[PDB]
Every structure is written in structure tokens, then in C-alpha cells.
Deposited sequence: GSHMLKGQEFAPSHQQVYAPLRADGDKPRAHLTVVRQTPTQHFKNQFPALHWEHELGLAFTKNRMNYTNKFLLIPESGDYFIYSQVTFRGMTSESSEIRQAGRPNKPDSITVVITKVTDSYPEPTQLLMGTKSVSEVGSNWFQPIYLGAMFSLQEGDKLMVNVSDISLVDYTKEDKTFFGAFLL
């Protein structure tokens, strides 16, 4: 019942290394509950356990040779972040107004206090227009 759960949705990114995305966490379809805390661009894990994690980033053109989404874990004890999931695609067509999604999801054993973020190769290529096209979520199984 009360398992930690969040579904986060894209917003226009404020200008700022694969940079980390920041998210909507309460409006429209986005939510956090049962001690899941969306804070400082991280999803903060409240309970040690196995979680299913997921993200889609829709990229659209307007130059890149490829586009990448990486979902990363930062742990308090470890200096280095751990890459959990990576979706990387070479981009074929020139121009353009191409567009395409990269979707990733898998199960990972996480510790209370772990922080999850989504990093992208190029923030300016991320389609931020709609909550249904770019999103990031996690739930305790």
C-alpha cells in the first residue's frame, strides 16, 4: 500500500558534464508519495529496497552525432555516481526537425538516502512541451 512512489514530468529547463534534468513533481500527472522526496533535482529514496526505475526523454532537433539519456544514482558513502541505465542513439538525419524518444526502465536495489537523477547529452534537444513525452519515475516493488 504505502510504498514510496513518484512519477515526475518534464518542464522547460532553466539554463545552466551530462547536465541533470529538473522536473515537475506535483502538477498534472506528476506526484510524489509515501516518503518519496523530490528535492534539488534528485529523487531521494526513503527506504532500502528494490525499486523499478524508468524515464523517457523525447529529443527533437534544433549538429548532434548522438543523443543519450542516463539514469544515475548518487550514494552518500560513494564519491562517484553510478550509472544504472543508459539509452544512447546515433542520430542519422541531417537538419532537422527530427524527433525521437529514448525510453529506459529496470529494477535496482537501492539504499535509504540514495538519490536518483536523469542526465542528458544535450539539454537544448529535450522536448519539454508536454508532460506525456518526457518523464521520470520510480516505485518500491
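J.: Missing CA coverage against the deposited sequence, listed in sequence order.
T.: Residues missing from the model, as numbered along the full deposited sequence, span 1-24, 41-45, 92-105.
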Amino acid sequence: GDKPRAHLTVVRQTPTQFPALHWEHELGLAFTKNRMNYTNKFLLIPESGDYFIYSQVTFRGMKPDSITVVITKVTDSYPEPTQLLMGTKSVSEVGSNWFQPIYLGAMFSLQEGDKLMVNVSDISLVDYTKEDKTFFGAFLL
From here on, numbers count along this sequence of modelled residues.
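J.: Going by the average Cα B-factor in the PDB entry, point out whether 28-36 or 89-97 comes out higher.
T.: Taking the mean B-factor of the alpha carbons in each, 89-97 is higher.
J.: Comparing 45-53 with 78-86, which has the greater mean CA B-factor as deposited?
T.: Result: 78-86.
J.: What third of the chain does residue 62 rank in for C-alpha temperature factor, lowest, middle or highest?
T.: Within its chain, residue 62 is a highest-third residue by C-alpha B-factor, going by the deposited values.
J.: Please rank the C-alpha B-factors of the chain's modelled residues and tell me whether residue 13 sits in the lowest, middle or highest third.
T.: According to the entry, residue 13 has a C-alpha B-factor in the chain's middle third.
J.: Could you look up the Cα B-factor of residue 68 in the entry and say which third of the chain it sits in: lowest, middle or highest?
T.: Middle third by C-alpha B-factor.
J.: Sorting by Cα B-factor within the chain, modelled residues only, which third would residue 131 end up in: lowest, middle or highest?
T.: Middle third - that is where residue 131 ends up once the chain's C-alpha B-factors are sorted.
J.: For residue 123, does the deposited CA B-factor place it in the lowest, middle or highest third of the chain?
T.: Its C-alpha B-factor, which the entry lists for residue 123, ranks in the middle third among residues of this chain.
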